[PDB]
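The chain below stands alone, shown as structure tokens; this is the form deposited in one PDB entry.
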């Protein structure tokens, strides 16, 4: 039988281009395909209708690109119906109302009563490409009450919407907010805050930097901290600093009055130590072990000798730990294939959350399998699983030399067996060389097959699909000859894979009791976070004689052709006062990656779980399909 199967993303978005992949396995000649998208359940309107032909030259695999209009709080669904020849396959897919993304940029981080707030709203879609839509904007006071609403258009604005709001003289101090949302999706609200306060700009900056990014609880030296004060124009600072320490437990802060010190700031630098004794005496608990899990914060006040300027700065979130490292399995699949090599992507970080470079890690009992973390703090550990249905429990430890075993980090995870169709023991395993991947390179994707020889010759190809930013970027086939256990796919990596992509490949056959079987496997691949194009601002003249108040200067801007660039110049004193809510690229990619429909590093409990967890819906004519998804958000709340 010429089995017809369709795959469409778990969730379909409105006003967004969505792709649908169509397959006709075990078929000959041309197969006419007509795809129609209707609303659920009434089918009142035909939301989409495209056509295509499956020819033997295209290996009976084609696609349909369609965009569902935003037609005029329970979840909403649509019926996707593909018709090949006589056969008709329909599937009910969940729909998100989210039109895209909105990013807000205010010129400053803090404002005086009377000043004007200049802000730009960037309106893009899920491909981060500029669109022209209607946006609702709300100015909101610290209490939460909206004080100015507005409704503008992004059309003919090249995805950039320049706005301003005047702050009254009489105003409520505190954290104000701007909240914008697309007109069609009032449930997706993007926000940015800005502080309102009476202030004057400082003339220098103070930096509170501890020796270590953490504090080992059994360190008699205590927490040593360096204070560095320097003017905003570069020159160092002579003065006096008042430094004081405190212990933070969740949201409860306990100041340590005994730890207060006054030190001279000579040549823009000073040093001050919180002794372990003072720390322990301050808290009413002799058990130092209880301090683990809590953090330390440092507050420093620097005064110039002239007494004409003063700057207070703080460094919080300094974890009290018993280990310099911290192991995470947030990038390692929680499902394994019995009898096949199980790959682990260990993620080792410092107590402050930063990645750790060159850290020896190993599995308990398997000292042979000892790897080293990369620049992203990710190491690869492959083990060998025995054929069984017992849950595979793994315990990984750090093996950093010069470090005692009591201070080595350790973590334990568990993985469940990949259930197969009718206990046929047919497995597929995707492995990838673990290394920081960049656009413009090529990645070798290793397809490893396992099955009995009774039906091993039937497998002639794999169907692989790629998910990026929550949509299908690329789909194709991988030819496999009978006898070959491992084949390599040379995948060309471009900028469309940023920030990360999922590769889910599967094969189908007719085996055992004449049953139609589908075996799938997916893997998550991270990519070096960056801009799609590029944008650099540098000096447009001969260096390096420093400019003068009023002096003309040339600015060299280098970016993508035709691009509209928006600018802002801000005094760093502002940042000495407030350095929060600043728009970066990392935050953009953060939002994008958090709006991903995939919920796992790879694989699933069954062949349907692989598709569902990787944000996909598979539906065959024989009846093999993934369960419905009624949750817009990933597990768990």
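Only the largest set of C-alpha atoms that superpose within 1.5 Å between the two forms is called the rigid core. Numbering follows the first chain given and starts at 1.
query = Should the segment between residue 72 and residue 73 be described as having none, 1 to 3, 4 to 9, or 10 or more unmodelled residues of the deposited sequence?
reply = According to the record, 4 to 9 deposited residues lack coordinates from residue 72 to residue 73.
task = Quick one: say whether 345-353 or 121-129 has the higher mean Cα B-factor in the deposited entry.
result = Result of the comparison: 345-353.
request  = Please work out which of 362-370 and 411-419 has the higher mean CA B-factor as recorded in the PDB entry.
outcome  = Per the PDB record, 362-370.
task = Among 488, 93, 180, 466, single out the one with the highest C-alpha B factor in the record, please.
result = Among 488, 93, 180, 466, the highest C-alpha B-factor in the entry belongs to 488.
ask   = Considering only 174, 317, 257, 476, which residue's Cα atom bears the greatest B-factor as recorded?
value = Max CA B-factor in the entry, restricted to 174, 317, 257, 476: 476.
message = Test of reading the entry: by CA B factor among the chain's modelled residues, which third contains residue 601?
response = Middle third, going by the recorded CA B-factors of the chain.
task = Using the B-factors in the PDB entry, rank residue 66's C-alpha atom against the chain and give the third, lowest, middle or highest.
result = Within its chain, residue 66 is a highest-third residue by C-alpha B-factor, going by the deposited values.
Chain third (lowest, middle, highest) by recorded CA B-factor, residue given as residue 377 = As the PDB entry reports it, the C-alpha B-factor of residue 377 lands in the middle third of its chain.
ask   = Which third, lowest, middle or highest, does the CA B-factor of residue 214 fall in along this chain?
value = Middle third, going by the recorded CA B-factors of the chain.
request  = Quick one: classify residue 612 as lowest, middle or highest third of the chain based on its Cα B-factor.
outcome  = Middle third - that is where residue 612 ends up once the chain's C-alpha B-factors are sorted.
This protein has a second form, the form deposited in another entry, left out of what is shown; the following refers to that one.
message = If I align on the rigid core, exactly one of 366, 281, 224, 496 should have its C-alpha move by 2 Å or more between this form and the one not shown; which residue is that?
response = Just 366.
inquiry  = Core superposed first: is there a CA shift of 2 Å or greater at residue 550 between this form and the one not shown?
reply    = It does not reach a 2 Å shift.
query = For residue 483, is the CA shift between this form and the one not shown at least 2 Å following rigid-core superposition?
reply = Yes; that C-alpha moves by at least 2 Å between this form and the one not shown.
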